[PDB]
Amino acid sequence: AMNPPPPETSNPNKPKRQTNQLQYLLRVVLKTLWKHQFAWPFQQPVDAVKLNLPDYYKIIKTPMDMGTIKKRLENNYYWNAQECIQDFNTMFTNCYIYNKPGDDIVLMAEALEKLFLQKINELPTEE
Ligand SMILES: CCc1c(C(=O)Nc2cc(S(=O)(=O)N(CC)CC)ccc2O)[nH]c(C)c1C(C)=O
């Protein structure tokens with residue numbers, strides 16, 4: 001009935017690097033999605049206690065959210081861009097798994113996803 005702790009966002013035992021793709025994912029992709037009118041439900045972990053959603057964490061075992069992704073990028077949590085992209089994909093997929101299709105939240109998720117997919121199509125060249 002308690003919320004789980006939020007996903008880890010900096011790990012001292014993990015190596016760190018900056019890459020152009022990672023920089024692009026923070027400066028361009030995340031920034032663009034964050035501003036979106038439908039972003040707000042995804043800007044932080046789902047507070048199942050405040051929302052009175054008792055089975056959210058019974059069902060969703062890999063929670064992810066853009067506030068967490070943002071923190072990860074800012075603390076150099078990801079070595080590879082694909083790690084960041086997978087986190088976004090997990091976020092959207094969770095929403096589809098938990099919610100009935102045609103729920104307001106699911107529709108907001110599709111809109112964000114469509115944008116996200118467009119943005120990662122423009123991802124810059126790897127070193
Ligand atoms: C529908 C639940 C949900 C949210 C979400 O955020 N809903 C939400 C947040 C606020 S809120 O942030 O205003 N509120 C809570 C702390 C107090 C300020 C207010 C109303 C809401 O419906 N995000 C996701 C991904 C889901 C699911 C279940 O998929």
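The residues of the chain are indexed from 1 along the displayed sequence. Just so you know, ligand 1 is whichever comes first in the structure, and atom 1 is the first atom listed for that ligand.
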**OP:** May I ask you to check whether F42 has an N/O atom sitting below 3.5 Å from an N/O atom of ligand 1?
**Re:** no
Subject >> Neighbour count above 12 (heavy atom, 6.0 Å) for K31 NZ >> reply: no
Original post:
Between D65 and ligand 1, which residue portion shows a heavy-atom distance shorter than 4.0 Å: side chain, backbone, both, or neither?
Top reply: neither
Original post:
Does the ring of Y77 carry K14 above it, NZ/CZ under 6.0 angstrom from centre and within 45° of its axis?
Top reply: yes
**OP:** Could you find the nearest protein heavy atom to atom 3 (C) of ligand 1 and give me its residue, atom name and distance?
**Re:** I105 CD1, 4.0 Å
Subject >> Check: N76 main-chain N/O paired with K16 side-chain donor or acceptor under 3.5 Å >> reply: yes
Original post:
Counting only N and O atoms by type, is there a donor-acceptor contact under 3.5 Å from the side chain of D103 to the main-chain atoms of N99?
Top reply: no
Subject >> Verify atom 18 (C) of ligand 1: protein non-hydrogen atom under 4.0 angstrom away >> reply: no
**OP:** Ignoring hydrogens and angles, tell me if any N or O in the side chain of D55 forms a donor-acceptor pair with the backbone of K58 under 3.5 Å.
**Re:** no
Subject >> side chain to side chain donor-acceptor pair (under 3.5 Å) contacts in which one or both residues fall within residues 113-127, not counting sequence neighbours >> reply: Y96-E113
Original post:
Atoms of ligand 1 less than 4.0 Å from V46 heavy atoms?
Top reply: 23 (N), 24 (C), 25 (C), 26 (C)
Original post:
Taking only heavy atoms of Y98, which atoms of ligand 1 are found under 4.0 Å from at least one of them?
Top reply: 28 (C)
Original post:
With a 4.0 Å cut-off, strictly under, does atom 13 (O) of ligand 1 pick up any protein heavy atom?
Top reply: no
Subject >> Shortest heavy-atom approach to atom 2 (C) of ligand 1 - which of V49, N94, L51, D47 >> reply: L51
Subject >> Between NZ on residue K71 and OG on residue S10, distance to nearest 0.5 Å >> reply: 11.0 Å
Subject >> Pair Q23-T19, side-chain donor/acceptor within less than 3.5 Å >> reply: no
Original post:
Judging by distance only, is a nitrogen or oxygen of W40 under 3.5 angstrom from one on ligand 1?
Top reply: no
Original post:
Is atom 23 (N) of ligand 1 less than 4.0 angstrom from at least one protein heavy atom?
Top reply: yes
Subject >> Identity and distance of the protein heavy atom lying nearest atom 27 (C) of ligand 1 >> reply: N99 ND2, 3.7 Å
